[PDB]
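Peer 1: First, the structure itself, so that you have it in front of you.
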Amino acid sequence: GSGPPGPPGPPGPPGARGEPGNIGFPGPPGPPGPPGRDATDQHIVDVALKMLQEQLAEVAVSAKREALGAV
Amino acid sequence: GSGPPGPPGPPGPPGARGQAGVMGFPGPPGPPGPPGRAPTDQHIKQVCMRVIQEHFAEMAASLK
Amino acid sequence: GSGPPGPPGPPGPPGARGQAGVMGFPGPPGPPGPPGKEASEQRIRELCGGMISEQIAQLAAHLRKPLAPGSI
């Protein structure tokens with residue numbers, strides 16, 4: 001008749017390989033850029049000088065036209 | 001002849017670790033900086049005052 | 001052990017998920033801002049015309065060539 005039951009079977013196969021890691025989160029935004037440069041005084045100086053030249057030149061025109069009676 | 005098969009074997013070992021995930025995308029550029037300063041009315045007046053005061057000799061030449 | 005070996009065991013568990021991806025790099029600084037807006041020639045003329053007239057008149061008086069009378 002029967003001999004004894006056999007020994008335990010072999011270990012099962014290894015499990016399937018794991019899935020790839022989760023995706024990284026996006027990086028932070030960069031900081032704001034530096035401030036723009038301030039407007040320089042040059043444009044103001046230029047107009048002030050133009051105005052001065054204009055008004056001074058008009059003093060002479062005024063004197064001439066006063067003498068002519070044609071202001 | 002034979003006898004019964006033996007008991008079932010143990011479970012196999014765990015599978016291999018998965019590959020590392022991809023790095024996230026870089027962040028966006030920061031916003032532009034603030035605008036530079038525009039001249040105030042008081043600042044304009046002060047520049048004009050300085051220009052006048054530095055040209056008294058030139059004014060005098062045209063007023064003689 | 002006259003009988004044959006038992007059936008194989010079941011498959012092992014699936015392997016662990018891989019290491020998570022790292023956070024992305026920071027973005028770059030943004031660009032410099034726009035330059036400051038220059039005052040208009042017209043606004044400069046509005047703000048400074050009067051003082052120029054006044055100072056011209058005062059200097060003319062100093063030099064003893066006072067001018068056409070100015071606006072009240």
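Identifiers for the structure tokens are assigned positionally: chains receive A, B, ... in sequence, residues are indexed from 1 per chain, and ligands are indexed from 1 in the order shown.
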Residues of chain C classed as helix (DSSP H, G or I) by DSSP on the backbone are to be reported as a PDB file with N, CA, C and O atoms, in the first residue's frame.
Peer 2:
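This is the output file selection_12.pdb:
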```pdb
ATOM      1  N   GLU C  41       7.432 116.229 -21.402  1.00  0.00           N
ATOM      2  CA  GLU C  41       7.852 117.619 -21.598  1.00  0.00           C
ATOM      3  C   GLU C  41       6.742 118.586 -21.193  1.00  0.00           C
ATOM      4  O   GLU C  41       7.012 119.604 -20.554  1.00  0.00           O
ATOM      5  N   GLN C  42       5.489 118.258 -21.512  1.00  0.00           N
ATOM      6  CA  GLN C  42       4.389 119.149 -21.159  1.00  0.00           C
ATOM      7  C   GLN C  42       4.226 119.318 -19.645  1.00  0.00           C
ATOM      8  O   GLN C  42       3.996 120.433 -19.163  1.00  0.00           O
ATOM      9  N   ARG C  43       4.348 118.240 -18.876  1.00  0.00           N
ATOM     10  CA  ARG C  43       4.162 118.361 -17.427  1.00  0.00           C
ATOM     11  C   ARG C  43       5.315 119.163 -16.832  1.00  0.00           C
ATOM     12  O   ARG C  43       5.117 119.968 -15.920  1.00  0.00           O
ATOM     13  N   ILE C  44       6.518 118.964 -17.364  1.00  0.00           N
ATOM     14  CA  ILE C  44       7.667 119.729 -16.895  1.00  0.00           C
ATOM     15  C   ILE C  44       7.444 121.220 -17.194  1.00  0.00           C
ATOM     16  O   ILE C  44       7.674 122.074 -16.333  1.00  0.00           O
ATOM     17  N   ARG C  45       6.952 121.530 -18.382  1.00  0.00           N
ATOM     18  CA  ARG C  45       6.634 122.926 -18.709  1.00  0.00           C
ATOM     19  C   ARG C  45       5.578 123.533 -17.780  1.00  0.00           C
ATOM     20  O   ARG C  45       5.704 124.684 -17.350  1.00  0.00           O
ATOM     21  N   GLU C  46       4.538 122.765 -17.451  1.00  0.00           N
ATOM     22  CA  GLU C  46       3.541 123.229 -16.501  1.00  0.00           C
ATOM     23  C   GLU C  46       4.119 123.529 -15.137  1.00  0.00           C
ATOM     24  O   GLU C  46       3.836 124.565 -14.561  1.00  0.00           O
ATOM     25  N   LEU C  47       4.953 122.620 -14.622  1.00  0.00           N
ATOM     26  CA  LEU C  47       5.465 122.778 -13.278  1.00  0.00           C
ATOM     27  C   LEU C  47       6.567 123.809 -13.145  1.00  0.00           C
ATOM     28  O   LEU C  47       6.718 124.400 -12.061  1.00  0.00           O
ATOM     29  N   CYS C  48       7.334 124.028 -14.214  1.00  0.00           N
ATOM     30  CA  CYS C  48       8.536 124.871 -14.101  1.00  0.00           C
ATOM     31  C   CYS C  48       8.505 126.205 -14.829  1.00  0.00           C
ATOM     32  O   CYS C  48       9.339 127.052 -14.553  1.00  0.00           O
ATOM     33  N   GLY C  49       7.551 126.407 -15.729  1.00  0.00           N
ATOM     34  CA  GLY C  49       7.485 127.652 -16.485  1.00  0.00           C
ATOM     35  C   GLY C  49       7.388 128.900 -15.637  1.00  0.00           C
ATOM     36  O   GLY C  49       8.073 129.891 -15.893  1.00  0.00           O
ATOM     37  N   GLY C  50       6.535 128.867 -14.629  1.00  0.00           N
ATOM     38  CA  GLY C  50       6.337 129.993 -13.740  1.00  0.00           C
ATOM     39  C   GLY C  50       7.567 130.371 -12.950  1.00  0.00           C
ATOM     40  O   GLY C  50       7.914 131.550 -12.850  1.00  0.00           O
ATOM     41  N   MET C  51       8.252 129.383 -12.381  1.00  0.00           N
ATOM     42  CA  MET C  51       9.438 129.700 -11.603  1.00  0.00           C
ATOM     43  C   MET C  51      10.500 130.283 -12.530  1.00  0.00           C
ATOM     44  O   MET C  51      11.236 131.184 -12.114  1.00  0.00           O
ATOM     45  N   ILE C  52      10.600 129.780 -13.762  1.00  0.00           N
ATOM     46  CA  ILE C  52      11.604 130.344 -14.666  1.00  0.00           C
ATOM     47  C   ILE C  52      11.286 131.812 -14.934  1.00  0.00           C
ATOM     48  O   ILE C  52      12.150 132.681 -14.866  1.00  0.00           O
ATOM     49  N   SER C  53      10.031 132.103 -15.222  1.00  0.00           N
ATOM     50  CA  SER C  53       9.633 133.494 -15.431  1.00  0.00           C
ATOM     51  C   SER C  53       9.912 134.395 -14.243  1.00  0.00           C
ATOM     52  O   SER C  53      10.372 135.546 -14.397  1.00  0.00           O
ATOM     53  N   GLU C  54       9.626 133.896 -13.052  1.00  0.00           N
ATOM     54  CA  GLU C  54       9.817 134.684 -11.842  1.00  0.00           C
ATOM     55  C   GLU C  54      11.264 134.985 -11.575  1.00  0.00           C
ATOM     56  O   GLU C  54      11.622 136.092 -11.195  1.00  0.00           O
ATOM     57  N   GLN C  55      12.110 133.986 -11.782  1.00  0.00           N
ATOM     58  CA  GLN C  55      13.508 134.146 -11.496  1.00  0.00           C
ATOM     59  C   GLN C  55      14.181 135.034 -12.561  1.00  0.00           C
ATOM     60  O   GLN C  55      15.094 135.780 -12.260  1.00  0.00           O
ATOM     61  N   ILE C  56      13.704 134.960 -13.790  1.00  0.00           N
ATOM     62  CA  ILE C  56      14.217 135.826 -14.845  1.00  0.00           C
ATOM     63  C   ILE C  56      13.870 137.265 -14.483  1.00  0.00           C
ATOM     64  O   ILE C  56      14.708 138.156 -14.526  1.00  0.00           O
ATOM     65  N   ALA C  57      12.632 137.495 -14.064  1.00  0.00           N
ATOM     66  CA  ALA C  57      12.211 138.840 -13.707  1.00  0.00           C
ATOM     67  C   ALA C  57      12.983 139.396 -12.505  1.00  0.00           C
ATOM     68  O   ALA C  57      13.386 140.568 -12.480  1.00  0.00           O
ATOM     69  N   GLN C  58      13.201 138.569 -11.497  1.00  0.00           N
ATOM     70  CA  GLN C  58      13.932 138.997 -10.324  1.00  0.00           C
ATOM     71  C   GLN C  58      15.371 139.342 -10.668  1.00  0.00           C
ATOM     72  O   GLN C  58      15.918 140.347 -10.204  1.00  0.00           O
ATOM     73  N   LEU C  59      15.981 138.530 -11.527  1.00  0.00           N
ATOM     74  CA  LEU C  59      17.348 138.802 -11.950  1.00  0.00           C
ATOM     75  C   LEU C  59      17.437 140.060 -12.832  1.00  0.00           C
ATOM     76  O   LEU C  59      18.374 140.854 -12.718  1.00  0.00           O
ATOM     77  N   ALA C  60      16.430 140.293 -13.668  1.00  0.00           N
ATOM     78  CA  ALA C  60      16.425 141.496 -14.469  1.00  0.00           C
ATOM     79  C   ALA C  60      16.373 142.737 -13.584  1.00  0.00           C
ATOM     80  O   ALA C  60      17.053 143.752 -13.849  1.00  0.00           O
ATOM     81  N   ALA C  61      15.621 142.641 -12.492  1.00  0.00           N
ATOM     82  CA  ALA C  61      15.496 143.760 -11.578  1.00  0.00           C
ATOM     83  C   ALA C  61      16.811 144.010 -10.859  1.00  0.00           C
ATOM     84  O   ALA C  61      17.173 145.154 -10.587  1.00  0.00           O
ATOM     85  N   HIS C  62      17.500 142.931 -10.536  1.00  0.00           N
ATOM     86  CA  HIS C  62      18.810 142.990  -9.885  1.00  0.00           C
ATOM     87  C   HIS C  62      19.803 143.707 -10.781  1.00  0.00           C
ATOM     88  O   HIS C  62      20.618 144.505 -10.312  1.00  0.00           O
TER      89      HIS C  62
END
```
Peer 1: Compile a residue-level contact table for chain C against chain B at a cut-off of 6 Å, reporting for every qualifying residue the shortest atom pair and its distance in Å to one decimal, with only C-alpha atoms counted, rows ordered by chain and ascending number, as CSV.
Peer 2:
```
residue,atom,partner,partner_atom,distance
C:2,CA,B:2,CA,5.1
C:3,CA,B:3,CA,3.8
C:4,CA,B:5,CA,4.7
C:5,CA,B:6,CA,5.0
C:6,CA,B:6,CA,3.9
C:7,CA,B:8,CA,4.9
C:8,CA,B:9,CA,4.8
C:9,CA,B:9,CA,4.0
C:10,CA,B:11,CA,4.9
C:11,CA,B:12,CA,5.0
C:12,CA,B:12,CA,4.0
C:13,CA,B:14,CA,4.8
C:14,CA,B:15,CA,4.8
C:15,CA,B:15,CA,3.8
C:16,CA,B:17,CA,5.0
C:17,CA,B:18,CA,4.9
C:18,CA,B:18,CA,4.0
C:19,CA,B:20,CA,4.6
C:20,CA,B:21,CA,5.0
C:21,CA,B:21,CA,4.1
C:22,CA,B:23,CA,4.8
C:23,CA,B:24,CA,5.1
C:24,CA,B:24,CA,4.2
C:25,CA,B:26,CA,4.5
C:26,CA,B:27,CA,5.0
C:27,CA,B:27,CA,4.3
C:28,CA,B:29,CA,4.9
C:29,CA,B:30,CA,5.0
C:30,CA,B:30,CA,4.1
C:31,CA,B:32,CA,4.8
C:32,CA,B:33,CA,4.9
C:33,CA,B:33,CA,4.0
C:34,CA,B:35,CA,4.7
C:35,CA,B:36,CA,4.8
C:36,CA,B:36,CA,3.8
C:37,CA,B:38,CA,4.9
C:38,CA,B:38,CA,5.9
C:60,CA,B:63,CA,5.9
```
Peer 1: Would you output that residue set with N, CA and C atoms, as a tab-separated table (two decimals), in the first residue's frame?
Peer 2:
```tsv
chain	number	residue	atom	x	y	z
C	2	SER	N	7.75	8.34	0.28
C	2	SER	CA	7.32	7.67	-0.94
C	2	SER	C	6.52	8.55	-1.91
C	3	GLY	N	5.68	9.44	-1.39
C	3	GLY	CA	4.90	10.34	-2.24
C	3	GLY	C	5.73	11.46	-2.84
C	4	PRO	N	5.19	12.10	-3.90
C	4	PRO	CA	5.98	13.15	-4.53
C	4	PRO	C	5.96	14.44	-3.72
C	5	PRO	N	6.88	15.37	-4.01
C	5	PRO	CA	6.81	16.68	-3.36
C	5	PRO	C	5.47	17.36	-3.61
C	6	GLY	N	5.08	18.26	-2.71
C	6	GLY	CA	3.79	18.91	-2.80
C	6	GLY	C	3.85	19.93	-3.92
C	7	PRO	N	2.72	20.59	-4.19
C	7	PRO	CA	2.72	21.58	-5.26
C	7	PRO	C	3.53	22.80	-4.83
C	8	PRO	N	4.12	23.52	-5.78
C	8	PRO	CA	4.79	24.77	-5.38
C	8	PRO	C	3.90	25.72	-4.61
C	9	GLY	N	4.50	26.56	-3.78
C	9	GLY	CA	3.78	27.61	-3.10
C	9	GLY	C	3.33	28.66	-4.11
C	10	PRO	N	2.49	29.59	-3.67
C	10	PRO	CA	1.98	30.67	-4.51
C	10	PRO	C	3.07	31.68	-4.80
C	11	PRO	N	2.89	32.51	-5.85
C	11	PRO	CA	3.88	33.55	-6.10
C	11	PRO	C	4.01	34.49	-4.92
C	12	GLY	N	5.21	35.00	-4.72
C	12	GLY	CA	5.45	35.98	-3.69
C	12	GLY	C	4.68	37.25	-4.01
C	13	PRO	N	4.64	38.16	-3.04
C	13	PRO	CA	4.01	39.47	-3.26
C	13	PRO	C	4.77	40.28	-4.31
C	14	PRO	N	4.09	41.19	-5.02
C	14	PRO	CA	4.82	42.07	-5.93
C	14	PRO	C	5.80	42.93	-5.15
C	15	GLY	N	6.88	43.33	-5.81
C	15	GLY	CA	7.88	44.15	-5.17
C	15	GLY	C	7.32	45.53	-4.88
C	16	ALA	N	8.00	46.23	-3.98
C	16	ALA	CA	7.60	47.58	-3.59
C	16	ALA	C	7.76	48.54	-4.74
C	17	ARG	N	6.89	49.55	-4.77
C	17	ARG	CA	7.06	50.63	-5.70
C	17	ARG	C	8.43	51.29	-5.50
C	18	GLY	N	9.02	51.77	-6.59
C	18	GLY	CA	10.30	52.45	-6.51
C	18	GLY	C	10.27	53.75	-5.73
C	19	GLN	N	11.45	54.29	-5.43
C	19	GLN	CA	11.57	55.55	-4.72
C	19	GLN	C	10.89	56.64	-5.51
C	20	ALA	N	10.14	57.47	-4.83
C	20	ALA	CA	9.51	58.63	-5.47
C	20	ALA	C	10.50	59.57	-6.12
C	21	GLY	N	10.07	60.14	-7.23
C	21	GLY	CA	10.83	61.20	-7.87
C	21	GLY	C	10.99	62.41	-6.98
C	22	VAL	N	12.14	63.07	-7.07
C	22	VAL	CA	12.40	64.26	-6.29
C	22	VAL	C	11.78	65.50	-6.93
C	23	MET	N	11.61	66.51	-6.11
C	23	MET	CA	10.99	67.75	-6.58
C	23	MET	C	11.86	68.41	-7.63
C	24	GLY	N	11.22	69.03	-8.61
C	24	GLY	CA	11.96	69.74	-9.64
C	24	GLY	C	12.77	70.91	-9.12
C	25	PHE	N	13.68	71.39	-9.95
C	25	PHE	CA	14.48	72.54	-9.59
C	25	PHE	C	13.63	73.80	-9.49
C	26	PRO	N	14.09	74.76	-8.69
C	26	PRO	CA	13.46	76.08	-8.68
C	26	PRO	C	13.60	76.73	-10.05
C	27	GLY	N	12.61	77.50	-10.47
C	27	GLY	CA	12.79	78.35	-11.62
C	27	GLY	C	13.77	79.50	-11.37
C	28	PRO	N	14.19	80.12	-12.44
C	28	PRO	CA	15.08	81.27	-12.42
C	28	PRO	C	14.39	82.55	-11.94
C	29	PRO	N	15.15	83.56	-11.49
C	29	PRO	CA	14.55	84.87	-11.28
C	29	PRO	C	13.87	85.37	-12.52
C	30	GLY	N	12.84	86.20	-12.35
C	30	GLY	CA	12.22	86.83	-13.50
C	30	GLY	C	13.11	87.96	-13.99
C	31	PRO	N	12.74	88.57	-15.11
C	31	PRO	CA	13.51	89.67	-15.71
C	31	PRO	C	13.38	90.98	-14.92
C	32	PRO	N	14.34	91.90	-15.08
C	32	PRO	CA	14.13	93.19	-14.41
C	32	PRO	C	12.84	93.84	-14.86
C	33	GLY	N	12.25	94.67	-14.01
C	33	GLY	CA	11.06	95.41	-14.37
C	33	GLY	C	11.32	96.49	-15.41
C	34	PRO	N	10.25	97.10	-15.93
C	34	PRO	CA	10.36	98.18	-16.91
C	34	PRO	C	11.05	99.40	-16.29
C	35	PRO	N	11.78	100.18	-17.09
C	35	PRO	CA	12.39	101.40	-16.54
C	35	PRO	C	11.32	102.38	-16.08
C	36	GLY	N	11.68	103.29	-15.17
C	36	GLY	CA	10.73	104.27	-14.68
C	36	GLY	C	10.26	105.15	-15.83
C	37	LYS	N	8.99	105.53	-15.80
C	37	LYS	CA	8.44	106.36	-16.86
C	37	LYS	C	8.92	107.82	-16.69
C	38	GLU	N	9.47	108.38	-17.75
C	38	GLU	CA	9.93	109.78	-17.73
C	38	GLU	C	8.74	110.72	-17.72
C	60	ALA	N	16.43	140.29	-13.67
C	60	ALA	CA	16.42	141.50	-14.47
C	60	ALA	C	16.37	142.74	-13.58
```
Peer 1: Define the interface residues of chain A facing chain B as those within 7 Å, counting only C-alpha atoms, and report them as a ChimeraX atom specification.
Peer 2: /A:2-39,44-45,48,56
Peer 1: Please measure the separation of CA of residue 60 in chain A and CA of residue 66 in chain C, giving the value in Å to one decimal.
Peer 2: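 Going from CA of residue 60 in chain A over to CA of residue 66 in chain C covers 12.5 Å.
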Peer 1: Any idea what the distance is between CA of residue 68 in chain C and CA of residue 55 in chain A?
Peer 2: 12.6 Å
